[PDB]
């Protein structure tokens, strides 16, 4: 069924997009003057899960939580248990993503794809293991484990669609997870680990050299194949990154838009688009994160985010922050008046 999911991602509706362009050109403004709001509306109009038009019903941010073996290499400043503490706080509404999702009218789904702690009540259990393998010394997981989790998360995602969610955001929580994110970005883009490794959650600058070394070691011991995104995810990714890629595949299969977040989400999007290029028209950037490897990842996705907030929290917080932008494109398209009704016509 993974083969089938990938094969059956629909093409966007080019004919609806052309009708959308013509409609937007007739709205009460100089043609082209709403810029990327116009192109965002046309992008939405082509998503087959919507109604031929930009549309926003219910909104969901899917936050993928897991721990990482590579935390053992000293690449993170916070204690391991913070992943579990933060997942529990997600159920209480006290995290950055919760507060911003609430403001945007979106629901947060907290998904445990492999936290190294006891199960947390209120969290969706999709737990592959208690943390993934330490990527510096071997693979994060087996190929079968990565494929199974991709299918489970894609299915959970498209079930939300059947329930009326029309806009997704993706996020994550996982101490040390900027390490595998950087390894994937290096592998997919061909960039040296040094160009894409940053401070993550306030790693002291003195410790960056060790982190670059770890990323290189992970890449060397595993030999991830850039032509096989599932190989890359399984080898030098993690459960959270696989789960994020699964939300993108699910939403695409369902013909629905998904907002990216920051660097972790850019790395998962590089995997998803290598796995299935048909995913790409469904992705919407939110913000340009303040993480070192952001520019390179975004360049490889040919993405220009809407928001420049110097944000680096993760969790889906930037995706939630951008939800009103998607709603604004819809509001423009459906609620603006038209040039012809005011008899405004130029030669």
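Positions refer to the first chain, counted from 1.
The stretch with the higher mean CA B factor, choosing between 169-177 and 185-193, is 185-193.
When 56-64 is weighed against 316-324, 56-64 comes out higher, by mean CA B-factor as recorded in the entry. In this structure the maximum Cα B-factor among 134, 267, 162, 95 is found at 162. The maximum CA B-factor among the listed residues 114, 255, 246, 204, taken from the PDB record, is found at 204. Per-chain ranking of the deposited C-alpha B factor places residue 285 in the lowest third. Ranked against the other modelled residues of its chain, the C-alpha B-factor of residue 231 as given in the entry falls in the highest third. Among the modelled residues of the chain, residue 295 sits in the middle third by CA temperature factor in this PDB entry. Annotation for residue 17: C-alpha temperature factor in the lowest third relative to the rest of the modelled chain, per the entry. Ranked against the other modelled residues of its chain, the C-alpha B-factor of residue 73 as given in the entry falls in the middle third.
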